[PDB]
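In what follows, a single structure is set out as structure tokens and then discussed.
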Amino acid sequence: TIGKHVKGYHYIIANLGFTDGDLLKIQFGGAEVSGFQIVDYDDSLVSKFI
Amino acid sequence: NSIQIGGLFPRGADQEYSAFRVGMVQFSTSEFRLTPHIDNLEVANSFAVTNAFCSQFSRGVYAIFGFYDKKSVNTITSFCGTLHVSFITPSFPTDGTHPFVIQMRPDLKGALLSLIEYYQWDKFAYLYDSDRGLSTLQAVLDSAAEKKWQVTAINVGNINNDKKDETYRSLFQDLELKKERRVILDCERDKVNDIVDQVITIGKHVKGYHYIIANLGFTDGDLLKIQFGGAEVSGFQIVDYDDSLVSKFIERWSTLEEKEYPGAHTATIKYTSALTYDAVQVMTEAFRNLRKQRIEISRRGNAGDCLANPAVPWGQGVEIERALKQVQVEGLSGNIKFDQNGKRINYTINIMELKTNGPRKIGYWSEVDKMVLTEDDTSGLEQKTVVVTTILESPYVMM
Amino acid sequence: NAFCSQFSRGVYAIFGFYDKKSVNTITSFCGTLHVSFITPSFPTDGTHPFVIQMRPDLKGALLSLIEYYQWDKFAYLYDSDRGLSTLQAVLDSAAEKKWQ
């Protein structure tokens, strides 16, 4: 809303639910966004569970 | 005593219909009361427009209120010119001077050019839609040719909803091939809102970007979300809320029951509905003037076939058009006057700028007052030139 | 009026012309009444049904001819009485190909 998601800003999400939140709306802003996740969707076990 | 009028309302114009009904209630008089022949069709369909026009002609309405689309403006103009039935419409004015067509919407091309010159713009992008035609695009291209501008016109309405997000992203990324920072949004309010959503999603609403909303509905949109971004946003509005009449109407407008008057339980009214209300006021004043001039409209409602060969003009249609063009009243859209072509004259358009606290007026424009700013924050210190004294001494001060 | 008279006659197919001020009416009438319209006029901007357009789309040839001469700066003298589809095409190509 205040336009601080533009390129030049860096954000770190300090939780293990980085992609489980609604981070889509800042994907195209240009600011670098990072975080952590404990759920690895690339695992066969996680794929079967999904 | 009742007077027949025809209504061509596009489907979904709930607020326009509500304002039409409010105007009918306000301006009705006991000596003559209006009766509408409301036809709700797809206004873009030329066949539907012809069918509605013929249905209203068979009922013998002396005047027709409604709207037209880019694919139906020619039909309305030709039918009105042939059958001598005056058309009252808040739609975009015709590029050519077509008789029996009355325009409530003022010309904003001159105001747009004045605003562009005010910001001393020379290089800017132009995102346009065909909804109101390409007359504004033609005018801005001619002004670019005369004033040596670098207008980069991009069509914004040809995209589809299935690829809305990706098309606009590439559109704004193609702008960075020119590093464009100045953009004018020449489209209706929903398209402007979609463009603002795409901008705020991609973060081009930050300070350094400048936007001009090329319509008379600047605050009728959702510009609140772009208010805090930092990019300068400007536009035009024909509805001025500082007027006592507009304030009283808004007080009456907001208190109405929503189920009875859909789209009316709002603190703000779109310029389309306001001009719909003012059009009812104008044509009621036209009939009042015609009756005061002791002219009669007793032509029977059994007009007959619309497509008779040859066509049948009626003399009283010219009298009704003359009365309509003779109307000079004060409405929600300010002063209302018409020229020989039915286009509005002596109108005053307000120019708004979007600040942190909200939109505010900065100036006004007219055909005799080109971009006259309100001179807020009156001078007297640091603008009344400070008296600088000095001594003739080289190399400091010398003739 | 002419289209209505011919439709009342019951013609199986219709041949005719149009301009920017009557193309929409013809297209709408043909789409509604389900009558083919054979026309040598300029192609319609949209994909309107029931209108048969023999005139080839010259926008592609014009753009390829501009690209053949390696043009990047030119004037465009156009008549408004034949549709602005070509003008919009040349403007969007200029935006895409960095022309002036």
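Sequence positions for chain B are given in Swiss-Prot numbering; the residues included correspond to 25-398, 405-429, in order.
Cβ atoms here come from the backbone N, Cα and C positions, even for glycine.
Around the Cβ of B:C78 (disulfide bond), 15 further Cβ atoms fall within 10 Å across all displayed protein chains. The feature disulfide bond is assigned by Swiss-Prot to B:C78-B:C330.
Among the features that Swiss-Prot reports, N-linked glycosylation site is placed at B:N370, with the record citing experimental evidence. The 10 Å shell around the Cβ of B:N370 (N-linked glycosylation site) contains 15 further Cβ atoms across the protein chains shown.
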Original post:
Rounded to a whole number, how many Å is the Cα of B:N370 (N-linked glycosylation site) away from the Cα of B:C330 (disulfide bond)?
Top reply: 36
Subject >> Neighbour count (Cβ, 10 Å) for B:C330 (disulfide bond) >> reply: 21
